[PDB]
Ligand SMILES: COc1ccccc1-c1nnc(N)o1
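In the form deposited without this ligand, a lone chain appears below as structure tokens.
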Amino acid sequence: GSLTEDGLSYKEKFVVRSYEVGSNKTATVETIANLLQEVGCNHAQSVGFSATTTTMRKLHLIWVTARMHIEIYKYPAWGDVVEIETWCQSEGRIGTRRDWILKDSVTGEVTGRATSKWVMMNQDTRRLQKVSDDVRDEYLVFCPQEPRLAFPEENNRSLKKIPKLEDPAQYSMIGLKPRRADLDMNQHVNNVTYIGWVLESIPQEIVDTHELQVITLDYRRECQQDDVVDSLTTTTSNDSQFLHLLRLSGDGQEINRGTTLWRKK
């Protein structure tokens, strides 16, 4: 992959693999989500991140995900090439945004888009805090300074407030735990695993007769390597919508909330 001409965005091509696809022989939303992170990390490397600015490293600070939002119009087939463009933007003192555009390599038509909100956190204490002006200065030179949104629309679904699922839940999947393959290189649960866990409460019948169109996922706390998770779904609706809650079963601590939206094939 590579930096565009202006050096303010990054593109990479991916061939969809046999094991990356579901029962339709098209890419799963967990697969899309892993390619979104691979191309993110490849952009980070390309602009010099050995992913922390100098001020970040001196204050033991990191980017962490507060929200992921993914809209898929077509899931690429087994053997197909998808093209993903990525870029970041400063959201002033609040945090940063990474956005993505997925294309069919052959047609050049937009097949997907995704937006994400990141906040600063102390790695040691886990305390959230503001982007300082020193840090802003530092990474603002890798970012288009005029707006560039994957989701421009005036009331797009990617910014909506998400409520807490009320007990009892219409569906549930109980006693979910990560294995070593769920962990990243820093031994934290991969952010994509949460997507998988949220979807495990969707009944097989919805998955067999529908196509996932939108997923909006808030991150509240992390699951540790020795935590166990309960996944809770309630239908809220030709389009099926759901509301989602992930919580630790060792006391019911909220770890993620979310909404999905599915159209019949």
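The numbering used is simple: start at 1 and walk along the sequence shown.
The same protein also has a form solved in complex with this ligand, omitted here; what follows describes it.
- When this ligand is superposed onto this form from its pose in the bound PDB entry, none of its atoms comes within 2.4 Å of a backbone or C-beta atom, and the site is therefore classed as open.
- This ligand in the bound PDB entry comes within 4.5 Å of no heavy atom belonging to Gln170.
- A residue is said to contact a partner when one of its heavy atoms sits within 4.5 Å of a partner heavy atom; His188 meets this definition for this ligand in the bound PDB entry.
- This ligand is not shown here, and in the bound PDB entry it never comes within 4.5 Å of any heavy atom of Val214.
- Taking the partner from elsewhere, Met121 is found to have a heavy atom lying within 4.5 Å of this ligand in the bound PDB entry.
- Contact check at 4.5 Å (heavy atoms) against this ligand in the bound PDB entry: none of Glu85, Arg113 and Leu149 pass.
- Along 45-82, these residues reach a heavy atom to within 4.5 Å of this ligand in the bound PDB entry: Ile62, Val64.
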